[PDB]
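Protein chains in written order, with the working numbering: chain L, 111 to 399; chain A, 595 to 1112; chain B, 38 to 575.
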Amino acid sequence: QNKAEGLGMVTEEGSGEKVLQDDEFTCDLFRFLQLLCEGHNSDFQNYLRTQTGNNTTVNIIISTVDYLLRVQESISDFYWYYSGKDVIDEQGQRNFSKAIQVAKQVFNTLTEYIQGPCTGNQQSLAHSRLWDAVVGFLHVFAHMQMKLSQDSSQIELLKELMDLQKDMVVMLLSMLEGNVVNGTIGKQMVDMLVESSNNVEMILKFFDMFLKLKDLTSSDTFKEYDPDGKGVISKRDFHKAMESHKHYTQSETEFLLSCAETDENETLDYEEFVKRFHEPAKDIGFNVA
Amino acid sequence: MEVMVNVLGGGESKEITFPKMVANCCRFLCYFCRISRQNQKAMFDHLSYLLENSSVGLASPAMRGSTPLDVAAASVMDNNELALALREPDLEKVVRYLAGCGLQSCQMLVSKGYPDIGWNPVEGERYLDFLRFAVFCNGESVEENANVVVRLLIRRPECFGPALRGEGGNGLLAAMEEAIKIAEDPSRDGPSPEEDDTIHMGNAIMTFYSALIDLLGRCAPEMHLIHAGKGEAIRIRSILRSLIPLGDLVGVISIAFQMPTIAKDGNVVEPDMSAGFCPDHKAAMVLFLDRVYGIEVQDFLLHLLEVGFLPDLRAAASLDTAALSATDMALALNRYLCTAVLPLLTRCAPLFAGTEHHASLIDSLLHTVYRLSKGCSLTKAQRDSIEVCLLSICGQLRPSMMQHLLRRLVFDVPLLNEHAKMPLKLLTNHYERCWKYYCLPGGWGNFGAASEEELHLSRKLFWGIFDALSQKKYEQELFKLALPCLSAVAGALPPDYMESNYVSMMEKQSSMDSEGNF
Amino acid sequence: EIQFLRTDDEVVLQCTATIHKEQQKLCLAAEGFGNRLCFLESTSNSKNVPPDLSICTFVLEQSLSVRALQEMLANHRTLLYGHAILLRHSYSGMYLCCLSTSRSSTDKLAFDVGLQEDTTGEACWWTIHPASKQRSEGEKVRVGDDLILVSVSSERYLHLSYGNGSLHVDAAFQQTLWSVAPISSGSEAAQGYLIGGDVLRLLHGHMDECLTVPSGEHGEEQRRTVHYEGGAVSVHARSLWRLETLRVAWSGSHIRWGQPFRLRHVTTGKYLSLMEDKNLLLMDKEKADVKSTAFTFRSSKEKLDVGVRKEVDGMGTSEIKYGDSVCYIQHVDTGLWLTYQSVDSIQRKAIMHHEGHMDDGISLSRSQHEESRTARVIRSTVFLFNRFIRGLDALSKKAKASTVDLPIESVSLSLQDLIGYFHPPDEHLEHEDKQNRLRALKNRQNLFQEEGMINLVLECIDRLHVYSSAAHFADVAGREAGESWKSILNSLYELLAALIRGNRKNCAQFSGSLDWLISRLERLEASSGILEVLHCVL
């Protein structure tokens, strides 16, 4: 489709129904199953996993995580296609948004499957292929959080993906719900973590790199740099404050400078900066902690 | 479509009931696609059905262009949006049908009595035509479809026919020789208990192999991608090179046709085009050569020119008589040359620089091209192709060799007929390029200097054109075009020129003979 | 529980062939020096003929996605289906690849498969795909799982040719299904403990003498006897043995007390065996049956044999340790114990006894990889150069040229490989690395001279000089031999110069043969090489 528009010929579909054929259908299908188990409906939660009366049993819980693995692979491949290219086009942004919405709905459905300490569903998804999907999403999050934050035109994609990460961590917490000492679910989760050591390490560095931004802004050194109520601080002032604070390294300094959008006036608003970065960082960091 | 669906579903096993109306509906759908581009997409929306109902009447001749496979080809024909939106399973179904045709015998023909072979050329040719239309669109090659098709073709090697399949196949050249031998053989060619009654097995085999070669050559990546160095394109091109050896292509090009002849009574005895080696077979070979292997080596170019290209052009020249010109052999030869050979020689124009050691060969090429230009059945576009090719070749052609062409031109260009116009351009550009060769005694050191025979011939050309233009009736375009030529000749001739009072006598009597100069 | 193949794990690729209505189990094999083309080694009848897994083992360096492969070409993780994996041949150190050249066995589409020195390019890389519908893209590749490999460069599958008389492995569009066996994994292998496939020296209880064969001055079938030598032989290639387990899978595991294994002599290629007369004797691979060639390590002389124990899939528990653990070799079937006969250049005969003496303790010392590779290279060179000399002898005896086999291409290729092996270090290299290369080159030259590689080269030079001219050699042998006569003759002299250069002991042993060399200095076809050799010796 991209080559089709590039060659200049008229296209019936602008966004393109060919990629992600039916986005509303999958979302409705998984929202139906999430509503079916909402309210910690343990009876229907167990009946989805094992139909006792029926002659043959279909594991909806396993099929859901299979679809989650497939959509994780699709998202990872789309990321890998877009890794080299500097800027994400509109079609890429729409496809990422639709895929992230679908993944978020699947994670919500899995979370409603596993909440209400449903031990059967928890043990089924423990032995299912959830861990590979989670480790794929962890790498995707580790690399998007570096890439998108540097640019300023994909902030909506960044926040949608950060919400996806929060939902994944809530799903992991619901897995850990009702855990026992030296539990098999915990062992498998730590195996997943040590498998994804580098990705989660990068995510944690990205989180605690922006979690100190509130302290940096509230420091008196920044206050004397910006005594104005309007708060639009100069880029040079913010840059020099970032080493005067003595808690940000040079790499963090240059990364925040790159992640800092500036107007033609060569200045930045620390208020918009912090509300743009810190809040998702705190929200997801609490769940990770 | 619903009428055709009902009839095709009714009694599908026992061939097709009421084949005439099915053919009429397929023709109507093809024409509906051809009417407008949106109708083509509307028909493309149901391309899936035509694929599982492709094997309807492919074996039976006289239904060509009126089968569901033809309707699918028309729906996917020359539409880039449709070619790009074409899916991979749709190509896979056709590839599977081609594999089935390559593995299995043709039950209908062997039932009617045709000799039994292990593969189906008549269906395979149609299935290869559909793949050609799927992969190739508007001069360019759709890389996405071409890579999928070539990958499926190499995953199923049985699609290549017994010769190129690889279990001890005799090779492309051997297969072509055996097919012609079958063609002259009456027993193997026909069932032996007008054309639809007797499908010629040799022609089926040659058309199958030429269609496979044509499809692979069209699937070859574009040269711009090769220059960019894209690894997938390099891989596909190397795979095609491995699939088809260059020597087999050279041999098939070297194979000669059978020229028509008149009989004892003098009546033209013309072998039927439905039985024999077609120029389109060589046209596919040339296309594969130029798109896959690439023509960039000078000695290779001249070797191919001698072995396969020049004999065919000389045969076309010898079959330029007015009675034999109207024969469809001559038309097919002119079509093949002007579509493949002359464009290839025009693209190979820079390589024609170092041809001193093959002066006889290059002079023979010039003479044959000129004789084909001096023709009647030659169409307007064919004349254009001849003009461009000859003007390109004579451009980089070294002035030493073309004095044969000059000495034959100085006798027939003074006529100032419409056939003299491209000699006029040729002389104009040649003298403009080789101005300092003639005027300056030293000239180019590598080229040398005039032998004074060229100088005398240029004197004769100047005087003949000058006189014939005075005696010539007014045509303002003719005086536009003859002006630069006359001026270039006058400038090239050194003002202090010595016309030898002792000229050479007893010249080539064939040159003055206007009946073909032979 | 199911294991998964990871990077840096050593594996063996197996293929199944039902030749003549009987199923055979084959393995992908390749030899570093000499023929680079891969060949298949049968492992079905391991009972009567031992398998040579040493040249069949491959290690999985890197597993990467196809797009990552594209990016790295433009400018421990478990194996997952769909990745592109890189295989390094364990012995040679080269990488498996498509050679882009074919033997043209009426399969013009197929491409031959061999080894490549450099990993650069997409030829070395191969992609693993699911064999059946149970497997799927992206999931972990289980151990003991059948796999199909796809060439990245040529898009040709690893194929086993059935139609030809001799089975060949090549890259063809048809699919041959390959199973993967975990031969070993050095990631969790404890250092200092004996594992299968090692090359070791059997040291007698006086930790001074090795279990060695007669030296290289004695001819073949006089080297078949087994005895004890001490002193300089401990640092030679005639004291090296390889412990080969009777199991194909997991043959690199730690050796347990009582595990049956075969001891193969590295330099000769023969297997230790027990003859019916209770006398130890080296005996050939073809007749190397399990019954004759089976020996076990026992911690104590006490007679309570372990009997039968279940085999464990993996490294297992490390029991035998190098240099400290005392091992007593006993034959499995006969039950006798290895001991010194104590006959009355020590030449302590090794004999096979029901009871034996008390000081039968045998220590184990691990041999370096460089020395093991040098010994294997020596064995291969011995085989190839003996074939060459026998062919030349037949040609001299006037046997028909077609009947006689003359390894023209293989001898030349092995000669260039040996030149590369004995190439002196370059000067721009760092000092410590240069000193290490000098030490390695000196060790290689010493091992070659101790195995007597000089005399073989001298014999080849003489039997090539019996033909005066290239035209004369082309009249006697084939025309290709005629063209290769100059190249092989020059390469042999260059090899001799490389073997003698910088080695005072080798140049001293070459003093006797100097007079032979100077007698042909007048010959123009070898004057430069003869003069270079003379200069080095002087």
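From the three backbone atoms N, C-alpha and C, an ideal C-beta is built for every residue, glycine too.
*Identify every run of the alpha helix (DSSP H) within the stretch 92-157 of chain B, keeping only runs that are complete inside it and at least 4 residues long; order them along the chain.*
103-111
*Nearest-angstrom Cα separation, counted from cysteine 872 of chain A out to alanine 926 of chain A*: The residue given as residue 926 of chain A occupies position 332 in the second sequence. The residue given as residue 872 of chain A occupies position 278 in the second sequence. Cα to Cα, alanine 926 of chain A sits roughly 8 Å from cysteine 872 of chain A.
*Using 10 angstroms around the beta-carbon of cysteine 1028 of chain A, count the other beta-carbons present and answer buried if the total reaches 16, otherwise exposed.*
Here residue 1028 of chain A is taken as the residue at index 434 of the second sequence, counted from 1. Under this definition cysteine 1028 of chain A is a buried residue.
*Give a yes or no on whether the C-beta atoms belonging to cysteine 161 of chain B and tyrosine 132 of chain B are separated by under 9 Å.*
On the third sequence, position 124 is the one that residue 161 of chain B refers to. On the third sequence, position 95 is the one that residue 132 of chain B refers to. It is a contact, given that the beta carbons lie within the stated cut-off.
*Could you please give the first and the last residue of the uninterrupted alpha helix (DSSP H) stretch that includes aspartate 207 of chain B?*
Counting from 1 along the third sequence, the entry for residue 207 of chain B is found at position 170. No alpha helix (DSSP H) contains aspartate 207 of chain B, which is instead part of the beta strand (DSSP E) from 205-209.
_Where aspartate 261 of chain L sits in the DSSP three-state scheme_ = On the first sequence, residue 261 of chain L is found 151 positions in, with the first residue counted as 1. In the structure shown, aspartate 261 of chain L sits in coil (DSSP, three-state: anything other than H, G, I, E or B).
*Indicate the three-state DSSP secondary structure (helix, strand or coil) for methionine 1100 of chain A in the structure shown.*
For this step, residue 1100 of chain A is matched to residue 506 along the second sequence. In this structure, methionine 1100 of chain A counts as coil in the three-state DSSP scheme.
*Consider the Cβ of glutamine 111 of chain L: report whether some Cβ of chain A lies at a distance smaller than 9 Å.*
As a working note, residue 111 of chain L is residue 1 in the first sequence. So yes, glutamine 111 of chain L belongs to the interface.
*Identify, in the order they occur along the chain, each residue of the same chain with its Cβ nearer than 8 Å to the Cβ of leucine 63 of chain B, setting aside the five sequence neighbours on each side.*
Counting from 1 along the third sequence, the entry for residue 63 of chain B is found at position 26. So the list reads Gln51, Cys52, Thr53, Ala54, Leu77, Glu78, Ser79, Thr80, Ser81, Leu197, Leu204, once near-sequence residues are dropped.
*Name, going along the chain, the residues of the stretch 646-676 of chain A whose beta-carbon falls closer than 8 Å to a beta-carbon of chain L.*
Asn674, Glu675
*Which runs of the beta strand (DSSP E) spanning at least 3 residues fall entirely within the stretch 195-273 of chain B, listed in chain order?*
205-209, 215-221, 236-241, 246-249, 264-267
*Let me know if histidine 57 of chain B comes out buried or exposed under the rule of 16 or more other beta-carbons within 10 Å of its beta-carbon.*
Position 20 of the third sequence, counted from the first residue, corresponds to residue 57 of chain B. By the 10 Å Cβ count, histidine 57 of chain B comes out exposed.
*Would you mind working out which of A:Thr921, A:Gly1058, A:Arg831 sits nearest residue 1113 of chain A, comparing C-alpha positions?*
Within the shown structure, residues of chain A are numbered from 595 to 1112, placing residue 1113 of chain A beyond reach of any answer.
*For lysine 62 of chain B, which of helix, strand or coil comes out of DSSP?*
Residue mapping note: residue 62 of chain B aligns to position 25 of the third sequence, counting from 1. Three-state result, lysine 62 of chain B: strand.
*Please compile the residues from chain A whose C-beta is within a distance smaller than 8 Å of the C-beta of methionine 352 of chain L.*
Locating residue 352 of chain L in the first sequence gives position 242, counting from the first residue. Those within 8 Å of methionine 352 of chain L in chain A number zero; the least Cβ separation is about 43 Å.
*Please compile the residues from chain A whose C-beta is within a distance smaller than 8 Å of the C-beta of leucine 117 of chain L.*
For the purposes of this step, residue 117 of chain L is taken as residue 7 along the first sequence, with counting starting at 1. Chain A residues near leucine 117 of chain L: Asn674.
*Could you check where the alpha helix (DSSP H) with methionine 299 of chain L kicks off and where it finishes?*
As a position in the first sequence, residue 299 of chain L is number 189, starting the count at 1. 294-305 is the span of the alpha helix (DSSP H), which, as asked, contains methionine 299 of chain L.
_Residues within the stretch 310-339 of chain L neighbouring chain B, beta-carbon criterion of under 7 Å_ = none
*Give a yes or no on contact between the stretch 376-393 of chain L and the stretch 339-346 of chain L, applying the rule of three or more CB pairs nearer than 8 Å.*
yes
*Count the C-beta pairs between the stretch 171-183 of chain L and the stretch 210-223 of chain L that are closer than 8 Å, then say yes if the count reaches three, no if not.*
yes
_For a test of the three-state rule: what should DSSP assign to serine 954 of chain A, helix, strand or coil?_
If you number the second sequence from 1, residue 954 of chain A lands on position 360. Of the three classes helix, strand and coil, the one that applies to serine 954 of chain A here is helix, per DSSP.
_Output needed in chain order: residues of the stretch 748-777 of chain A with a Cβ under 7 Å from some Cβ in chain B._
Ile748, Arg749, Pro751, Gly760, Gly762
*asked:* Since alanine 877 of chain A and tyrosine 803 of chain A should fall inside the 8 Å C-beta cutoff, what is the C-beta to C-beta distance between them, to a whole number of angstroms?
replied: Residue numbering aside, residue 877 of chain A sits at position 283 when the second sequence is read from its first letter. Residue numbering aside, residue 803 of chain A sits at position 209 when the second sequence is read from its first letter. About 13 Å; that fails the 8 Å criterion.
*With C-beta atoms as the reference, is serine 221 of chain B less than 9 Å away from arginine 43 of chain B?*
Within the third sequence, the letter at position 184 stands for residue 221 of chain B. Within the third sequence, the letter at position 6 stands for residue 43 of chain B. No; because the gap between Cβ atoms is not below 9 Å, this pair is not in contact.
*Count the other C-beta atoms from every protein chain shown that fall within 10 angstroms of the C-beta of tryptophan 522 of chain B, then say buried if there are 16 or more, exposed otherwise.*
For the purposes of this step, residue 522 of chain B is taken as the residue at position 485 of the third sequence. Buried.
*Applying the criterion that 16 or more other CB atoms from any shown protein chain within 10 Å of the CB defines a buried residue, is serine 188 of chain B buried or exposed?*
For the purposes of this step, residue 188 of chain B is identified with residue 151 of the third sequence, where counting begins at 1. Flag for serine 188 of chain B reads buried.
*Pair within 9 Å by beta-carbon distance, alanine 243 of chain L and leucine 286 of chain L*: Position 133 of the first sequence holds residue 243 of chain L. Position 176 of the first sequence holds residue 286 of chain L. Cβ distance not < 9 Å, so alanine 243 of chain L and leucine 286 of chain L don't count as in contact.
*List, in order along the chain, the chain L residues whose C-beta lies closer than 7 Å to that of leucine 678 of chain A?*
Residue numbering aside, residue 678 of chain A sits at position 84 when the second sequence is read from its first letter. By Cβ distance, chain L contributes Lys113, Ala114.
*Interface positions of the stretch 1053-1075 of chain A facing chain B (Cβ-Cβ less than 7 Å), listed along the chain*: none
*asked:* For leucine 484 of chain B, count the other beta carbons within 10 Å of its own beta carbon; 16 or more makes it buried, fewer makes it exposed. Which is it?
replied: Counting from one through the third sequence, the residue named residue 484 of chain B turns up at place 447. It is buried - the Cβ of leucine 484 of chain B has at least 16 other Cβ atoms within 10 Å.
*Listing by chain order, which chain B residues have their CB less than 7 Å from the CB of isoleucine 833 of chain A?*
For the purposes of this step, residue 833 of chain A is taken as the residue at position 239 of the second sequence. Those are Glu192, listed as they occur along chain B.
*Tell me the DSSP bridge mates of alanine 878 of chain A?*
Position 284 of the second sequence holds residue 878 of chain A. Beta-bridge pairing links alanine 878 of chain A to no other residue.
_DSSP state of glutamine 51 of chain B mapped onto helix, strand, coil_ = Counting from 1 along the third sequence, the entry for residue 51 of chain B is found at position 14. Three-state result, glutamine 51 of chain B: strand.
_Let me make sure I understand the geometry here. Which of B:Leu231, B:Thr262, B:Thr305 has the alpha-carbon closest to that of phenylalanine 298 of chain B?_
Here residue 298 of chain B corresponds to residue number 261 of the third sequence, with the count starting at 1. The shortest C-alpha separation from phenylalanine 298 of chain B is found at B:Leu231.
*Report yes if the CB atom of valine 716 of chain A is closer than 9 Å to the CB atom of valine 729 of chain A, and no otherwise.*
Within the second sequence, the letter at position 122 stands for residue 716 of chain A. Within the second sequence, the letter at position 135 stands for residue 729 of chain A. No, the pair does not count as a contact, with Cβ atoms beyond the cut-off.
*asked:* Against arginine 335 of chain B, what residues of chain L qualify as contacts under a CB-to-CB distance less than 8 Å, listed in chain order?
replied: By one-based count along the third sequence, residue 335 of chain B stands at place 298. Those within 8 Å of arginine 335 of chain B in chain L number zero; the least Cβ separation is about 40 Å.
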